[PDB]
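Here you get one chain, nothing else, as C-alpha coordinates; it is the form deposited in one PDB entry.
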(Lines give C-alpha, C1' and ligand atoms only; values in the text may rest on other atoms or scores of the structure.)
Protein backbone atom coordinates (compact mmCIF):
# COMPACT_ATOMS: atom_id res chain seq x y z
CA UNK A 1 0.00 0.00 0.00
CA UNK A 2 2.79 2.46 0.90
CA UNK A 3 4.35 4.25 -2.06
CA UNK A 4 8.01 4.27 -0.94
CA UNK A 5 7.93 0.64 0.20
CA UNK A 6 6.73 -0.30 -3.34
CA UNK A 7 9.85 1.19 -5.03
CA UNK A 8 12.78 0.47 -2.63
CA UNK A 9 14.23 -2.85 -1.36
CA UNK A 10 13.13 -4.36 1.97
CA UNK A 11 16.60 -3.58 3.40
CA UNK A 12 15.69 0.16 3.39
CA UNK A 13 12.94 0.94 5.94
CA UNK A 14 10.61 3.77 4.97
CA UNK A 15 7.70 5.68 6.48
CA UNK A 16 5.14 8.05 5.01
CA UNK A 17 2.21 10.20 6.12
CA UNK A 18 -0.30 11.88 3.80
CA UNK A 19 -1.43 14.54 6.30
CA UNK A 20 0.21 16.48 9.13
CA UNK A 21 -1.09 14.72 12.27
CA UNK A 22 -1.91 17.05 15.20
CA UNK A 23 0.63 17.62 17.95
CA UNK A 24 3.97 16.87 16.28
CA UNK A 25 7.07 18.85 17.21
CA UNK A 26 10.63 19.22 15.89
CA UNK A 27 13.48 18.19 18.20
CA UNK A 28 14.99 21.26 20.03
CA UNK A 29 18.13 21.15 17.82
CA UNK A 30 15.88 21.31 14.69
CA UNK A 31 13.76 24.30 15.82
CA UNK A 32 16.25 27.02 14.59
CA UNK A 33 15.93 25.64 11.02
CA UNK A 34 12.20 26.57 10.92
CA UNK A 35 12.00 29.36 13.61
CA UNK A 36 10.96 32.00 11.07
CA UNK A 37 9.22 29.69 8.57
CA UNK A 38 5.58 29.75 7.49
CA UNK A 39 3.19 27.07 8.81
CA UNK A 40 3.25 24.98 5.58
CA UNK A 41 7.06 24.76 5.75
CA UNK A 42 7.14 24.02 9.51
CA UNK A 43 4.61 21.21 9.02
CA UNK A 44 6.30 19.43 6.09
CA UNK A 45 9.68 19.68 7.91
CA UNK A 46 8.30 18.31 11.21
CA UNK A 47 6.16 15.54 9.68
CA UNK A 48 8.88 14.29 7.35
CA UNK A 49 11.36 14.06 10.25
CA UNK A 50 8.79 12.11 12.33
CA UNK A 51 8.74 9.64 9.36
CA UNK A 52 12.53 9.60 9.15
CA UNK A 53 12.88 8.91 12.87
CA UNK A 54 10.34 6.05 12.57
CA UNK A 55 12.39 4.45 9.75
CA UNK A 56 15.67 5.06 11.67
CA UNK A 57 14.18 3.29 14.71
CA UNK A 58 13.66 0.15 12.54
CA UNK A 59 17.46 0.16 11.87
CA UNK A 60 18.08 0.37 15.65
CA UNK A 61 18.94 4.11 15.60
CA UNK A 62 17.28 6.02 18.49
CA UNK A 63 15.80 9.59 18.30
CA UNK A 64 18.27 12.00 16.68
CA UNK A 65 18.01 15.45 15.02
CA UNK A 66 18.21 15.59 11.20
CA UNK A 67 19.81 18.93 10.38
CA UNK A 68 20.63 20.42 6.96
CA UNK A 69 24.03 20.86 5.37
CA UNK A 70 25.38 23.71 3.21
CA UNK A 71 23.46 22.57 0.10
CA UNK A 72 20.25 21.74 2.05
CA UNK A 73 21.12 18.03 2.28
CA UNK A 74 19.86 16.09 5.33
CA UNK A 75 22.70 15.13 7.72
CA UNK A 76 22.31 11.46 8.69
CA UNK A 77 24.08 9.59 11.50
CA UNK A 78 27.46 8.03 10.70
CA UNK A 79 26.93 4.83 8.68
CA UNK A 80 23.44 5.83 7.46
CA UNK A 81 22.17 7.07 4.09
CA UNK A 82 18.65 8.38 3.45
CA UNK A 83 16.32 10.64 1.61
CA UNK A 84 13.25 12.78 2.38
CA UNK A 85 10.53 14.33 0.29
CA UNK A 86 7.37 16.38 0.78
CA UNK A 87 4.63 17.68 -1.45
CA UNK A 88 0.93 18.49 -0.78
CA UNK A 89 -0.56 15.12 0.30
CA UNK A 90 2.78 13.43 1.05
CA UNK A 91 5.67 13.33 3.51
CA UNK A 92 8.09 10.43 3.33
CA UNK A 93 11.52 9.22 4.31
CA UNK A 94 13.72 6.21 3.58
CA UNK A 95 16.98 5.18 5.32
CA UNK A 96 19.60 2.48 4.93
CA UNK A 97 22.97 1.32 6.21
CA UNK A 98 26.20 2.12 4.32
CA UNK A 99 27.22 -1.54 4.60
CA UNK A 100 24.06 -2.55 2.73
CA UNK A 101 23.68 0.30 0.08
CA UNK A 102 25.71 3.28 -1.24
CA UNK A 103 22.97 5.93 -1.54
CA UNK A 104 19.24 6.49 -1.90
CA UNK A 105 17.13 9.34 -3.27
CA UNK A 106 13.32 9.73 -3.43
CA UNK A 107 10.95 12.45 -4.64
CA UNK A 108 7.16 12.78 -4.51
CA UNK A 109 5.20 15.00 -6.90
CA UNK A 110 1.47 15.53 -7.59
CA UNK A 111 0.39 13.51 -10.66
CA UNK A 112 -0.43 16.61 -12.75
CA UNK A 113 0.99 18.36 -15.84
CA UNK A 114 4.08 20.48 -15.10
CA UNK A 115 3.50 24.25 -14.71
CA UNK A 116 3.84 26.28 -17.94
CA UNK A 117 7.49 26.55 -19.13
CA UNK A 118 8.99 24.01 -16.70
CA UNK A 119 9.41 21.12 -19.21
CA UNK A 120 11.35 23.41 -21.57
CA UNK A 121 13.71 24.32 -18.68
CA UNK A 122 14.35 20.81 -17.34
CA UNK A 123 14.28 18.50 -20.35
CA UNK A 124 16.93 17.84 -22.97
CA UNK A 125 15.53 18.09 -26.52
CA UNK A 126 15.86 14.27 -26.96
CA UNK A 127 13.94 13.75 -23.67
CA UNK A 128 11.07 15.87 -25.03
CA UNK A 129 10.84 13.62 -28.11
CA UNK A 130 11.04 10.48 -25.95
CA UNK A 131 8.17 11.61 -23.67
CA UNK A 132 5.93 12.36 -26.69
CA UNK A 133 6.39 8.74 -27.88
CA UNK A 134 5.33 7.18 -24.52
CA UNK A 135 1.77 5.76 -24.12
CA UNK A 136 -1.07 8.16 -23.37
CA UNK A 137 -2.55 8.22 -19.86
CA UNK A 138 0.39 9.33 -17.66
CA UNK A 139 1.85 12.80 -17.01
CA UNK A 140 5.31 11.88 -18.38
CA UNK A 141 6.56 15.49 -18.02
CA UNK A 142 5.96 15.48 -14.26
CA UNK A 143 7.44 11.97 -13.99
CA UNK A 144 10.62 13.15 -15.78
CA UNK A 145 10.96 16.18 -13.41
CA UNK A 146 10.38 13.89 -10.38
CA UNK A 147 12.99 11.36 -11.64
CA UNK A 148 15.55 14.13 -12.22
CA UNK A 149 15.13 15.46 -8.68
CA UNK A 150 15.56 11.88 -7.34
CA UNK A 151 18.72 11.62 -9.47
CA UNK A 152 20.38 14.66 -7.81
CA UNK A 153 19.30 13.38 -4.36
CA UNK A 154 21.00 10.00 -4.92
CA UNK A 155 24.07 11.67 -6.51
CA UNK A 156 24.82 14.51 -4.01
CA UNK A 157 25.64 12.28 -0.97
CA UNK A 158 28.25 10.48 -3.13
CA UNK A 159 29.84 13.44 -4.97
CA UNK A 160 29.13 16.64 -2.98
CA UNK A 161 28.63 18.33 -6.39
CA UNK A 162 25.78 20.06 -8.23
CA UNK A 163 23.85 18.02 -10.81
CA UNK A 164 21.76 20.25 -13.02
CA UNK A 165 18.68 19.15 -14.97
CA UNK A 166 20.74 19.33 -18.18
CA UNK A 167 23.51 17.10 -16.66
CA UNK A 168 21.59 13.81 -16.85
CA UNK A 169 19.47 12.03 -19.42
CA UNK A 170 16.52 10.16 -17.87
CA UNK A 171 14.73 7.42 -19.85
CA UNK A 172 11.34 6.40 -18.46
CA UNK A 173 9.97 2.91 -19.03
CA UNK A 174 6.18 2.40 -18.69
CA UNK A 175 6.89 -0.74 -16.55
CA UNK A 176 7.78 1.32 -13.46
CA UNK A 177 11.53 1.65 -14.01
CA UNK A 178 13.77 4.43 -15.31
CA UNK A 179 17.46 5.04 -15.98
CA UNK A 180 19.57 8.17 -15.37
CA UNK A 181 22.69 8.55 -17.56
CA UNK A 182 25.12 11.15 -16.16
CA UNK A 183 26.53 13.51 -18.88
CA UNK A 184 29.15 15.28 -16.72
CA UNK A 185 32.28 14.05 -14.81
CA UNK A 186 31.10 11.28 -12.48
CA UNK A 187 34.04 11.27 -10.02
CA UNK A 188 32.70 10.34 -6.54
CA UNK A 189 34.15 11.47 -3.14
CA UNK A 190 35.71 8.02 -2.53
CA UNK A 191 37.51 7.88 -5.91
CA UNK A 192 34.93 5.73 -7.74
CA UNK A 193 33.09 6.82 -10.95
CA UNK A 194 29.29 7.15 -11.26
CA UNK A 195 27.92 6.96 -14.81
CA UNK A 196 24.34 5.67 -14.53
CA UNK A 197 21.60 5.02 -12.00
CA UNK A 198 18.67 2.58 -12.02
CA UNK A 199 15.37 3.96 -10.73
CA UNK A 200 11.85 2.83 -9.90
CA UNK A 201 8.55 4.74 -10.03
CA UNK A 202 4.95 4.38 -8.96
CA UNK A 203 1.78 6.43 -9.44
CA UNK A 204 -0.93 6.11 -6.76
CA UNK A 205 -3.17 8.34 -4.58
CA UNK A 206 -2.78 11.14 -7.18
CA UNK A 207 0.97 11.20 -6.59
CA UNK A 208 4.14 10.15 -8.38
CA UNK A 209 6.95 8.66 -6.27
CA UNK A 210 10.42 8.03 -7.83
CA UNK A 211 13.34 6.31 -6.08
CA UNK A 212 16.94 5.41 -6.88
CA UNK A 213 19.07 3.05 -4.80
CA UNK A 214 22.78 3.05 -5.72
CA UNK A 215 23.65 -0.54 -4.76
CA UNK A 216 26.57 -1.92 -2.76
CA UNK A 217 29.79 -2.17 -4.87
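Positions refer to the first chain, counted from 1.
What comes next is about the form deposited with a partner chain bound, which does not appear here.
When its partner chain is considered in the bound PDB entry, residue 142 lines it closely, a heavy atom lying within 4.5 Å. Among heavy atoms of residue 99, none comes within 4.5 Å of its partner chain in the bound PDB entry. Among heavy atoms of residue 115, some come within 4.5 Å of its partner chain in the bound PDB entry.
Of the heavy atoms in residue 109, some are within 4.5 Å of its partner chain in the bound PDB entry. In terms of contact with its partner chain in the bound PDB entry, the residue from 187, 181, 161, 41 that brings a heavy atom within 4.5 Å is 41. Among 177, 192, 54, 37, the residue placing a heavy atom within 4.5 Å of its partner chain in the bound PDB entry is 37. Only one listed stretch (23 to 31, 167 to 175, 57 to 65, 144 to 152) carries heavy atoms within 4.5 Å of its partner chain in the bound PDB entry, and that stretch is 144 to 152.
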